[PDB]
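Visitor: Structure file start12.cif (mmCIF, C-alpha atoms) right here:
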data_data
loop_
_atom_site.label_atom_id
_atom_site.label_comp_id
_atom_site.auth_asym_id
_atom_site.auth_seq_id
_atom_site.Cartn_x
_atom_site.Cartn_y
_atom_site.Cartn_z
CA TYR A 1 -107.42 -102.53 47.47
CA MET A 2 -104.92 -99.68 47.98
CA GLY A 3 -102.69 -101.38 45.45
CA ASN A 4 -102.55 -103.24 42.17
CA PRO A 5 -104.98 -106.21 42.44
CA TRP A 6 -103.01 -108.13 39.82
CA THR A 7 -99.88 -108.30 41.96
CA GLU A 8 -100.11 -111.95 43.07
CA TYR A 9 -100.93 -113.31 39.61
CA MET A 10 -98.36 -111.18 37.81
CA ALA A 11 -95.37 -111.96 40.08
CA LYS A 12 -94.34 -114.89 37.87
CA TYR A 13 -94.01 -112.56 34.86
CA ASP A 14 -91.30 -110.44 36.53
CA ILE A 15 -88.67 -112.50 34.78
CA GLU A 16 -85.66 -110.46 36.05
CA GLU A 17 -86.81 -111.27 39.55
CA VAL A 18 -88.05 -114.86 39.33
CA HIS A 19 -85.66 -116.13 36.64
CA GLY A 20 -82.75 -113.69 36.89
CA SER A 21 -80.61 -114.94 34.02
CA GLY A 22 -80.62 -115.39 30.26
CA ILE A 23 -83.34 -117.43 28.60
CA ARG A 24 -82.23 -117.99 25.00
CA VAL A 25 -78.67 -118.51 26.33
CA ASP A 26 -78.29 -118.91 30.09
CA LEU A 27 -74.77 -118.34 31.42
CA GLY A 28 -75.57 -116.10 34.36
CA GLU A 29 -72.97 -117.32 36.85
CA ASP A 30 -69.35 -118.30 37.01
CA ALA A 31 -67.87 -121.26 38.88
CA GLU A 32 -64.32 -122.43 39.55
CA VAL A 33 -62.83 -125.83 38.95
CA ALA A 34 -59.25 -125.99 40.27
CA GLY A 35 -58.49 -122.30 39.78
CA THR A 36 -60.00 -122.02 36.30
CA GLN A 37 -63.26 -120.08 35.99
CA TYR A 38 -66.13 -121.25 33.76
CA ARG A 39 -69.47 -119.78 32.76
CA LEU A 40 -72.53 -121.84 33.61
CA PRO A 41 -76.33 -121.65 33.52
CA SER A 42 -78.02 -120.11 36.57
CA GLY A 43 -81.64 -119.32 35.74
CA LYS A 44 -84.17 -120.06 38.48
CA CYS A 45 -87.08 -121.01 36.17
CA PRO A 46 -87.43 -123.97 33.83
CA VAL A 47 -87.38 -123.14 30.10
CA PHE A 48 -90.13 -125.08 28.40
CA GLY A 49 -89.48 -126.34 24.88
CA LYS A 50 -85.83 -125.31 24.65
CA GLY A 51 -83.32 -127.62 23.02
CA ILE A 52 -80.04 -127.22 21.16
CA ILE A 53 -79.87 -127.71 17.38
CA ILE A 54 -76.57 -129.10 16.11
CA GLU A 55 -76.05 -127.70 12.62
CA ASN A 56 -75.79 -130.21 9.75
CA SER A 57 -76.17 -133.30 11.89
CA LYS A 58 -78.84 -135.97 12.16
CA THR A 59 -77.57 -136.51 15.70
CA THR A 60 -79.73 -134.93 18.36
CA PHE A 61 -78.21 -133.08 21.29
CA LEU A 62 -79.48 -135.53 23.94
CA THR A 63 -77.18 -138.14 22.39
CA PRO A 64 -74.19 -138.73 24.68
CA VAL A 65 -71.07 -136.72 23.94
CA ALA A 66 -68.52 -138.56 21.81
CA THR A 67 -66.17 -140.65 23.97
CA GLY A 68 -63.31 -143.06 23.36
CA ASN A 69 -62.45 -143.04 19.68
CA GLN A 70 -65.81 -141.68 18.52
CA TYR A 71 -65.86 -138.65 16.23
CA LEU A 72 -67.12 -135.45 17.83
CA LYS A 73 -70.03 -134.99 15.41
CA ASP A 74 -71.28 -138.54 16.00
CA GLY A 75 -72.20 -137.49 19.54
CA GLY A 76 -74.38 -134.89 21.23
CA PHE A 77 -74.20 -132.88 24.47
CA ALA A 78 -75.40 -135.33 27.12
CA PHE A 79 -73.45 -137.18 29.77
CA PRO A 80 -72.08 -140.40 28.53
CA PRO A 81 -72.65 -143.60 30.51
CA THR A 82 -71.09 -143.72 33.97
CA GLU A 83 -70.31 -146.28 36.64
CA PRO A 84 -72.54 -146.24 38.58
CA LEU A 85 -75.25 -145.12 36.19
CA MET A 86 -76.31 -141.50 36.35
CA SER A 87 -77.66 -140.27 32.99
CA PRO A 88 -80.09 -140.61 31.46
CA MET A 89 -82.30 -141.66 34.36
CA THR A 90 -86.06 -142.22 34.62
CA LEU A 91 -88.05 -140.36 37.24
CA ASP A 92 -88.68 -143.66 39.00
CA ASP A 93 -84.99 -144.59 39.12
CA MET A 94 -84.09 -141.11 40.40
CA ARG A 95 -86.51 -141.47 43.30
CA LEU A 96 -85.02 -144.89 44.13
CA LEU A 97 -81.47 -143.52 43.92
CA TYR A 98 -82.31 -140.78 46.44
CA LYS A 99 -84.78 -142.70 48.64
CA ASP A 100 -82.65 -142.15 51.76
CA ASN A 101 -82.01 -138.44 51.06
CA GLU A 102 -84.84 -136.80 52.99
CA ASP A 103 -84.67 -133.36 51.35
CA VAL A 104 -84.61 -134.75 47.78
CA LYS A 105 -86.59 -138.00 47.49
CA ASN A 106 -89.99 -136.26 47.15
CA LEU A 107 -89.02 -133.25 45.03
CA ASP A 108 -91.12 -132.63 41.91
CA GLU A 109 -89.72 -134.19 38.74
CA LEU A 110 -88.08 -131.01 37.33
CA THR A 111 -86.45 -129.91 40.59
CA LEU A 112 -85.33 -133.52 41.18
CA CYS A 113 -83.75 -133.65 37.72
CA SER A 114 -81.90 -130.41 38.42
CA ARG A 115 -80.62 -131.63 41.80
CA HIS A 116 -79.61 -134.98 40.28
CA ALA A 117 -77.59 -133.20 37.61
CA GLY A 118 -76.02 -131.00 40.28
CA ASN A 119 -74.85 -133.93 42.37
CA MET A 120 -71.61 -134.63 40.46
CA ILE A 121 -68.46 -132.71 41.37
CA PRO A 122 -65.52 -132.84 38.93
CA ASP A 123 -62.89 -134.81 40.91
CA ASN A 124 -60.13 -132.27 40.25
CA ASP A 125 -61.65 -129.94 42.84
CA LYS A 126 -63.65 -131.30 45.77
CA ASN A 127 -64.76 -127.81 46.77
CA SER A 128 -66.03 -126.85 43.31
CA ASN A 129 -69.39 -125.18 42.88
CA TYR A 130 -69.59 -126.20 39.21
CA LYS A 131 -72.96 -127.89 38.60
CA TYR A 132 -74.01 -129.30 35.24
CA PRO A 133 -77.35 -128.30 33.73
CA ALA A 134 -79.98 -130.80 32.61
CA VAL A 135 -82.85 -131.45 30.25
CA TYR A 136 -85.97 -133.24 31.43
CA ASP A 137 -88.02 -135.07 28.80
CA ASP A 138 -91.62 -134.72 29.99
CA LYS A 139 -92.88 -137.35 27.55
CA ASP A 140 -90.46 -140.09 28.61
CA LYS A 141 -90.16 -138.86 32.20
CA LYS A 142 -86.39 -139.02 31.79
CA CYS A 143 -83.62 -136.72 33.11
CA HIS A 144 -80.59 -136.04 30.91
CA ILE A 145 -77.56 -134.46 32.53
CA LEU A 146 -75.74 -132.22 30.03
CA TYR A 147 -71.97 -132.57 29.84
CA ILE A 148 -71.75 -129.55 27.51
CA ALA A 149 -73.21 -126.42 29.14
CA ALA A 150 -72.54 -124.22 26.11
CA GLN A 151 -75.73 -123.38 24.15
CA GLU A 152 -74.50 -121.53 21.06
CA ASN A 153 -71.37 -121.68 18.92
CA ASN A 154 -70.95 -120.10 15.48
CA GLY A 155 -68.33 -118.47 13.23
CA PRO A 156 -66.16 -120.51 10.78
CA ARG A 157 -63.22 -119.90 13.10
CA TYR A 158 -64.84 -121.54 16.14
CA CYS A 159 -66.78 -124.37 14.52
CA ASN A 160 -67.04 -126.22 11.21
CA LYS A 161 -70.35 -126.83 9.44
CA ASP A 162 -68.86 -129.30 6.95
CA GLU A 163 -70.29 -132.78 7.51
CA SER A 164 -67.13 -134.48 6.20
CA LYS A 165 -64.97 -132.97 8.96
CA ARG A 166 -66.17 -135.44 11.59
CA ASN A 167 -63.89 -134.40 14.45
CA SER A 168 -64.07 -130.62 14.12
CA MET A 169 -66.17 -128.64 16.61
CA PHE A 170 -69.81 -128.51 15.55
CA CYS A 171 -71.86 -125.31 15.30
CA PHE A 172 -75.01 -125.17 17.38
CA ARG A 173 -77.78 -122.90 18.66
CA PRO A 174 -80.66 -123.00 21.11
CA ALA A 175 -84.15 -123.19 19.69
CA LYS A 176 -87.76 -123.78 20.26
CA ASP A 177 -88.62 -126.34 17.70
CA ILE A 178 -91.51 -128.77 17.63
CA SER A 179 -89.07 -131.65 18.13
CA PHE A 180 -88.15 -130.13 21.52
CA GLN A 181 -91.70 -129.43 22.72
CA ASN A 182 -91.60 -131.99 25.54
CA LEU A 183 -88.15 -130.93 26.75
CA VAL A 184 -87.45 -128.66 29.67
CA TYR A 185 -84.04 -126.92 29.97
CA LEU A 186 -82.94 -126.79 33.62
CA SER A 187 -80.07 -124.85 35.19
CA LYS A 188 -78.58 -125.84 38.54
CA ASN A 189 -80.70 -123.12 40.24
CA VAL A 190 -84.23 -124.19 39.27
CA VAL A 191 -86.38 -123.43 42.29
CA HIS A 192 -88.38 -126.14 44.02
CA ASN A 193 -91.65 -124.19 43.71
CA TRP A 194 -91.33 -123.25 40.05
CA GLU A 195 -94.91 -124.52 39.66
CA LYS A 196 -96.06 -121.47 41.65
CA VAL A 197 -93.52 -118.76 40.87
CA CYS A 198 -92.57 -119.34 37.17
CA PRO A 199 -94.46 -119.10 33.80
CA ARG A 200 -95.44 -122.24 31.91
CA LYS A 201 -98.59 -122.02 29.82
CA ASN A 202 -99.74 -119.36 27.39
CA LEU A 203 -102.76 -117.35 28.59
CA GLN A 204 -105.83 -117.53 26.39
CA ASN A 205 -108.04 -114.49 25.78
CA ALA A 206 -105.60 -112.25 27.64
CA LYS A 207 -102.90 -109.75 26.78
CA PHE A 208 -100.30 -108.17 28.98
CA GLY A 209 -100.56 -104.55 30.10
CA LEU A 210 -99.35 -102.01 32.65
CA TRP A 211 -101.33 -100.97 35.73
CA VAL A 212 -101.85 -97.21 35.43
CA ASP A 213 -104.15 -95.02 37.56
CA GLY A 214 -106.29 -97.98 38.66
CA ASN A 215 -106.68 -99.43 35.17
CA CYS A 216 -104.81 -101.89 32.95
CA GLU A 217 -103.52 -100.06 29.90
CA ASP A 218 -101.68 -101.35 26.84
CA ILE A 219 -97.94 -101.76 26.94
CA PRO A 220 -96.78 -98.31 25.71
CA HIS A 221 -94.50 -99.62 22.95
CA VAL A 222 -94.60 -103.03 21.34
CA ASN A 223 -92.83 -104.37 18.31
CA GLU A 224 -95.28 -106.02 15.91
CA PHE A 225 -94.16 -108.92 13.75
CA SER A 226 -96.00 -111.29 11.44
CA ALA A 227 -96.45 -114.73 12.94
CA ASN A 228 -98.87 -117.32 11.59
CA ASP A 229 -99.57 -119.11 14.81
CA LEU A 230 -98.85 -118.94 18.51
CA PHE A 231 -95.90 -121.33 18.23
CA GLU A 232 -94.22 -118.99 15.74
CA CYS A 233 -94.81 -116.06 18.10
CA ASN A 234 -93.27 -117.98 21.03
CA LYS A 235 -90.27 -118.74 18.80
CA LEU A 236 -89.83 -115.05 17.91
CA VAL A 237 -90.03 -113.99 21.56
CA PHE A 238 -87.54 -116.71 22.53
CA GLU A 239 -85.10 -115.55 19.80
CA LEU A 240 -85.32 -111.93 21.05
CA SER A 241 -85.22 -112.80 24.74
CA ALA A 242 -82.67 -112.27 27.49
CA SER A 243 -79.38 -113.71 26.37
CA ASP A 244 -76.00 -114.21 28.01
CA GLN A 245 -74.22 -114.99 24.72
CA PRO A 246 -71.45 -112.64 23.58
CA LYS A 247 -72.61 -110.44 20.70
CA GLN A 248 -69.14 -110.33 19.10
CA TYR A 249 -66.24 -112.68 18.57
CA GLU A 250 -63.02 -112.88 20.55
CA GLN A 251 -60.05 -113.47 18.23
CA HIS A 252 -58.49 -116.13 20.43
CA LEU A 253 -60.12 -119.57 20.28
CA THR A 254 -59.77 -120.33 23.97
CA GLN A 255 -61.24 -116.98 24.99
CA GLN A 256 -64.22 -117.37 22.63
CA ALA A 257 -64.78 -120.90 23.96
CA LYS A 258 -64.76 -119.71 27.54
CA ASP A 259 -67.14 -116.90 26.63
CA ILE A 260 -69.73 -119.34 25.17
CA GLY A 261 -69.60 -121.69 28.18
CA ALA A 262 -66.90 -124.26 27.47
CA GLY A 263 -66.59 -126.31 30.65
CA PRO A 264 -64.19 -128.50 32.65
CA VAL A 265 -62.73 -131.74 31.31
CA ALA A 266 -63.68 -134.44 33.81
CA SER A 267 -63.56 -138.22 33.60
CA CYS A 268 -64.33 -139.00 37.25
CA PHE A 269 -66.50 -137.27 39.82
CA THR A 270 -67.55 -137.31 43.46
CA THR A 271 -71.03 -136.63 44.85
CA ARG A 272 -72.37 -133.64 46.79
CA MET A 273 -75.03 -135.81 48.44
CA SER A 274 -74.34 -138.66 50.85
CA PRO A 275 -73.09 -141.28 50.70
CA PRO A 276 -69.66 -140.11 49.43
CA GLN A 277 -69.00 -142.00 46.18
CA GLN A 278 -66.73 -142.06 43.12
CA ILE A 279 -68.41 -141.88 39.74
CA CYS A 280 -66.47 -142.35 36.50
CA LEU A 281 -67.34 -142.11 32.84
CA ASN A 282 -67.33 -145.41 30.98
CA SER A 283 -65.03 -143.78 28.43
CA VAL A 284 -63.23 -140.41 28.41
CA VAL A 285 -64.63 -137.56 26.32
CA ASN A 286 -63.42 -136.61 22.87
CA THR A 287 -60.49 -134.21 23.27
CA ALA A 288 -61.69 -131.92 20.47
CA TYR A 289 -72.14 -110.68 28.98
CA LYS A 290 -74.79 -111.28 31.66
CA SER A 291 -78.35 -110.20 30.92
CA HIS A 292 -79.49 -110.97 34.48
CA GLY A 293 -82.85 -111.68 32.88
CA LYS A 294 -83.25 -108.34 31.08
CA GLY A 295 -84.60 -108.45 27.54
CA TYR A 296 -87.53 -108.87 25.16
CA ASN A 297 -89.05 -111.67 27.24
CA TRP A 298 -92.80 -111.15 26.65
CA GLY A 299 -95.22 -111.22 23.75
CA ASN A 300 -98.88 -110.55 23.11
CA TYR A 301 -100.06 -112.69 20.22
CA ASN A 302 -103.03 -111.39 18.23
CA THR A 303 -104.68 -114.50 16.76
CA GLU A 304 -106.95 -112.41 14.53
CA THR A 305 -104.32 -110.27 12.80
CA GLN A 306 -101.47 -112.82 13.19
CA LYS A 307 -99.19 -110.32 14.90
CA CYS A 308 -96.64 -111.09 17.63
CA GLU A 309 -96.32 -107.96 19.80
CA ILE A 310 -92.97 -108.20 21.56
CA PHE A 311 -91.76 -105.94 24.36
CA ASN A 312 -89.08 -105.56 27.02
CA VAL A 313 -90.87 -103.99 29.97
CA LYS A 314 -92.28 -106.24 32.67
CA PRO A 315 -96.09 -106.43 32.54
CA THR A 316 -98.11 -105.70 35.70
CA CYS A 317 -101.71 -106.64 34.75
CA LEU A 318 -103.86 -108.46 32.19
CA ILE A 319 -106.40 -107.15 29.72
CA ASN A 320 -109.27 -109.43 28.74
CA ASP A 321 -109.36 -109.70 24.94
CA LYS A 322 -110.60 -112.76 23.05
CA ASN A 323 -108.21 -112.05 20.17
CA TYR A 324 -105.06 -112.33 22.30
CA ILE A 325 -102.84 -114.96 23.89
CA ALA A 326 -100.08 -113.87 26.30
CA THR A 327 -96.72 -115.66 26.00
CA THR A 328 -93.19 -115.46 27.38
CA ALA A 329 -89.84 -116.81 26.29
CA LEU A 330 -89.96 -119.24 29.25
CA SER A 331 -93.43 -120.50 28.34
CA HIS A 332 -94.23 -123.75 26.62
CA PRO A 333 -94.73 -122.96 22.91
CA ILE A 334 -98.06 -124.84 22.54
CA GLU A 335 -99.78 -125.31 25.94
CA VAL A 336 -102.54 -122.82 26.76
CA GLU A 337 -104.89 -122.13 29.62
CA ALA A 338 -107.75 -119.74 30.27
CA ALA A 339 -107.18 -116.48 32.12
#
Before anything else, please render the file you have as structure tokens.
Guide:
Amino acid sequence: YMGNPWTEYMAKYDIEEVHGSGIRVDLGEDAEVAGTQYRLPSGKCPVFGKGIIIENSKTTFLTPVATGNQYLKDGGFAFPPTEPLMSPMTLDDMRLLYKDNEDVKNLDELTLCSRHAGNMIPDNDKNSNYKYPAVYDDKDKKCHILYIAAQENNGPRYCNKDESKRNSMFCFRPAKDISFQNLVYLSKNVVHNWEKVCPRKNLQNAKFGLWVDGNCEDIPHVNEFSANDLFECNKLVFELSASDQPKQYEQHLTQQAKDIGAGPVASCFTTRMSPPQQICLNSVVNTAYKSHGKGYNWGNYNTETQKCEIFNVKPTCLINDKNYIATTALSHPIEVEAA
């Protein structure tokens, strides 16, 4: 074939190319709102099974952000109610909302959710390119626009883990956790044909390799870790994967906040898509480094020896092996299909 026969199938595993941003923490672009610059998610692939854990809270992150006189920790990350309604929104209501937008009405549910989230422009800057990320719940078929685009915050200086301090900034981190298995984390850039060009399911009886001299050889170096099941391996790969989070702390609070993706304060919005329309929150919100996709994004899970083999070089072929399942940080942590 005068070339690597695996090329078409393996294109979706070139995560620098097809995703192009962090996975664990995605903050791969910057956008301005009225002369202030903010970090925001920019990955082109959906991230299956990713949610945000809020430390020492029973409140889940898809809960609306605290508004009005609510305490910060009694809320989550999601858009609060708006007039007219925007989030959360069922797939069916999204299609109705955009029925007269030709280029949007028939998008697949994930791309539609992303475009829906990206419709609102903070009303302080009509020309802003700031677009909020979203989470789609595949079980409920419901799109949640995220008001908070930050994905990790830690350090006693920058958050407070104490449950009795209700209005102090909470600590949080991204995770693949069974409670998030039906969630899909979506940046503003998710491509319309993700079904074809991005990973989703784990590959049964296959392990990643490199195409060398007309044969598929093992990845030259892998890091082998104990992992009891495939889900645990997917979690380990996710934790090691491309990340746009700062590795250190900035002394100044406002600089650290910017660096972790603190965003604009908006109470009203306009729309990118016709018809032009004002959208306002029901209640105002509580007042209280780029990987470009490079990292340890891939794993070969040995189901016999219970070893997660994690590596940071893009794979270019598959090896048939009934003891292996091939995973990526983008992949769903449970779903599998045959190679």
Visitor: Tell me, in Å to one decimal, how far CA of residue 217 in chain A is from CA of residue 304 in chain A.
Guide: 20.0 Å
Visitor: Contacts of residue 89 in chain A at 9 Å or less, counting all atoms listed in the file, minus same-chain residues fewer than 6 places along, as a ChimeraX atom specification?
Guide: /A:113,141-145
Visitor: Return as a PyMOL selection string the set of residues that the PyMOL selection byres ((chain A and resi 15) around 9) yields on the displayed structure.
Guide: chain A and resi 11-14+16-21+45+198-199+293-294+297+314+330
Visitor: For the file shown, report as a count of residues only the outcome of the PyMOL selection byres ((chain A and resi 107) around 12) at residue level.
Guide: 26
Visitor: How many Å lie between CA of residue 252 in chain A and CA of residue 155 in chain A, rounded to one decimal?
Guide: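 About the pair CA of residue 252 in chain A and CA of residue 155 in chain A: they are 12.4 Å apart.
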Visitor: Residues near residue 69 in chain A, anyone? I mean within 10 Å using only C-alpha atoms, not counting same-chain ones fewer than 4 positions away, as a ChimeraX atom specification.
Guide: /A:283-287
Visitor: Find the residue from A:271, A:129, A:241, A:56 that sits nearest to residue 24 in chain A; use only C-alpha atoms when measuring.
Guide: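 Answer, going by the shortest atom-to-atom distance: A:241.
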Visitor: Can you list, as a PyMOL selection string, every protein, DNA or RNA residue that comes within 12 Å of residue 38 in chain A when you count all atoms listed in the file, leaving out same-chain residues fewer than 5 positions away?
Guide: chain A and resi 27-33+128-132+148-150+254-265
Visitor: Considering all atoms listed in the file, can you say which of A:213, A:232, A:337, A:163 comes closest to residue 303 in chain A?
Guide: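 When distances to residue 303 in chain A are compared using all atoms listed in the file, the smallest one comes from A:232.
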Visitor: How far is it from CA of residue 52 in chain A to CA of residue 288 in chain A, in Å with one decimal?
Guide: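 Interatomic distance here is 19.0 Å.
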Visitor: Pick the closest to residue 243 in chain A from A:151, A:37, A:305, A:323: which is it, counting all atoms listed in the file?
Guide: A:151
Visitor: Of the candidates A:319, A:85, A:339, A:242, which shows the shortest atom-to-atom distance to residue 279 in chain A, using only C-alpha atoms?
Guide: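 Closest residue, counting only C-alpha atoms: A:85.
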Visitor: I need the residue nearest residue 210 in chain A from this list: A:118, A:48, A:185, A:315. Use only C-alpha atoms for the distance.
Guide: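 Checking each candidate against residue 210 in chain A, we get A:315 as the closest.
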Visitor: With distances taken over all atoms listed in the file, which residue among A:332, A:58, A:290, A:157 lies nearest residue 231 in chain A?
Guide: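 Nearest to residue 231 in chain A: A:332.
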Visitor: Could you list the residues chosen by the PyMOL selection byres ((chain A and resi 187) around 6) in this structure as number ranges by chain?
Guide: A: 41-43, 133, 186, 188-190
Visitor: Neighbours of residue 244 in chain A within 6 Å (only C-alpha atoms; same-chain residues fewer than 4 positions away dropped), as number ranges by chain?
Guide: A: 22, 25-27, 289-291
Visitor: Would you kindly return, as a list in words, each protein, DNA or RNA residue with an atom no farther than 9 Å from any atom of residue 158 in chain A, considering all atoms listed in the file and excluding same-chain residues fewer than 5 positions away?
Guide: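 The filter keeps residues 153, 169, 170, 171, 253, 256 and 257 of chain A.
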Visitor: Would you output that residue set with C-alpha atoms, as a tab-separated table (two decimals), keeping the file's coordinate frame?
Guide:
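Listed below is the output, again13.tsv:
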chain	number	residue	atom	x	y	z
A	153	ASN	CA	-71.37	-121.68	18.92
A	169	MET	CA	-66.17	-128.64	16.61
A	170	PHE	CA	-69.81	-128.51	15.55
A	171	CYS	CA	-71.86	-125.31	15.30
A	253	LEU	CA	-60.12	-119.57	20.28
A	256	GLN	CA	-64.22	-117.37	22.63
A	257	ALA	CA	-64.78	-120.90	23.96
Visitor: Could you list as an NGL selection string every residue that has an atom within 12 Å of (-65.6, -144.0, 35.4), using the file's coordinates and counting all atoms listed in the file?
Guide: :A and (67 or 79-86 or 122-123 or 266-270 or 277-285)
Visitor: With C-alpha atoms kept, could you save the residues just selected as a short mmCIF file (atom, residue, chain, number, x, y, z; two decimals), keeping the file's coordinate frame?
Guide:
data_model
loop_
_atom_site.label_atom_id
_atom_site.label_comp_id
_atom_site.auth_asym_id
_atom_site.auth_seq_id
_atom_site.Cartn_x
_atom_site.Cartn_y
_atom_site.Cartn_z
CA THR A 67 -66.17 -140.65 23.97
CA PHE A 79 -73.45 -137.18 29.77
CA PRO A 80 -72.08 -140.40 28.53
CA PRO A 81 -72.65 -143.60 30.51
CA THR A 82 -71.09 -143.72 33.97
CA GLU A 83 -70.31 -146.28 36.64
CA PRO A 84 -72.54 -146.24 38.58
CA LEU A 85 -75.25 -145.12 36.19
CA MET A 86 -76.31 -141.50 36.35
CA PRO A 122 -65.52 -132.84 38.93
CA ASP A 123 -62.89 -134.81 40.91
CA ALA A 266 -63.68 -134.44 33.81
CA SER A 267 -63.56 -138.22 33.60
CA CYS A 268 -64.33 -139.00 37.25
CA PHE A 269 -66.50 -137.27 39.82
CA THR A 270 -67.55 -137.31 43.46
CA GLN A 277 -69.00 -142.00 46.18
CA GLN A 278 -66.73 -142.06 43.12
CA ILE A 279 -68.41 -141.88 39.74
CA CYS A 280 -66.47 -142.35 36.50
CA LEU A 281 -67.34 -142.11 32.84
CA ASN A 282 -67.33 -145.41 30.98
CA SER A 283 -65.03 -143.78 28.43
CA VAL A 284 -63.23 -140.41 28.41
CA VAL A 285 -64.63 -137.56 26.32
#
Visitor: Kindly provide, as a list in words, the polymer residues lying within 8 Å of (-91.6, -105.2, 20.4), counting all atoms listed in the file and using the coordinates exactly as they appear in the file.
Guide: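 All residues meeting the 8 Å criterion around (-91.6, -105.2, 20.4) are residues 221, 222, 223, 224, 296, 299, 309, 310, 311 and 312 of chain A.
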Visitor: Can you sort out range 276-287 of chain A so it carries N, CA, C and O atoms, written as a tab-separated table (two decimals), in the frame of the given file?
Guide:
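What landed in rebuild-v2.tsv:
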chain	number	residue	atom	x	y	z
A	276	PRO	N	-70.82	-140.40	50.28
A	276	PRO	CA	-69.66	-140.11	49.43
A	276	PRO	C	-69.38	-141.26	48.46
A	276	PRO	O	-69.41	-142.42	48.88
A	277	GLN	N	-69.14	-140.95	47.19
A	277	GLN	CA	-69.00	-142.00	46.18
A	277	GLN	C	-68.25	-141.51	44.95
A	277	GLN	O	-68.45	-140.38	44.51
A	278	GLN	N	-67.40	-142.37	44.39
A	278	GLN	CA	-66.73	-142.06	43.12
A	278	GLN	C	-67.63	-142.47	41.97
A	278	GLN	O	-68.22	-143.54	41.98
A	279	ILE	N	-67.71	-141.59	40.98
A	279	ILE	CA	-68.41	-141.88	39.74
A	279	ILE	C	-67.47	-141.59	38.59
A	279	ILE	O	-66.91	-140.50	38.52
A	280	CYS	N	-67.30	-142.56	37.69
A	280	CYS	CA	-66.47	-142.35	36.50
A	280	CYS	C	-67.23	-142.58	35.21
A	280	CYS	O	-68.11	-143.44	35.14
A	281	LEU	N	-66.87	-141.82	34.19
A	281	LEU	CA	-67.34	-142.11	32.84
A	281	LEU	C	-66.91	-143.51	32.43
A	281	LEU	O	-65.86	-143.99	32.83
A	282	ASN	N	-67.72	-144.15	31.60
A	282	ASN	CA	-67.33	-145.41	30.98
A	282	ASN	C	-66.12	-145.25	30.06
A	282	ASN	O	-65.24	-146.13	29.98
A	283	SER	N	-66.08	-144.11	29.38
A	283	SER	CA	-65.03	-143.78	28.43
A	283	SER	C	-64.79	-142.28	28.45
A	283	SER	O	-65.75	-141.49	28.52
A	284	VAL	N	-63.53	-141.84	28.39
A	284	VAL	CA	-63.23	-140.41	28.41
A	284	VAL	C	-63.74	-139.66	27.18
A	284	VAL	O	-63.83	-140.20	26.08
A	285	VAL	N	-64.05	-138.38	27.38
A	285	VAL	CA	-64.63	-137.56	26.32
A	285	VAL	C	-63.63	-137.16	25.26
A	285	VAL	O	-62.45	-136.88	25.55
A	286	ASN	N	-64.12	-137.13	24.03
A	286	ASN	CA	-63.42	-136.61	22.87
A	286	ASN	C	-62.64	-135.33	23.20
A	286	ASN	O	-63.18	-134.37	23.73
A	287	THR	N	-61.34	-135.34	22.91
A	287	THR	CA	-60.49	-134.21	23.27
A	287	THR	C	-60.79	-132.94	22.47
A	287	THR	O	-60.51	-131.84	22.94
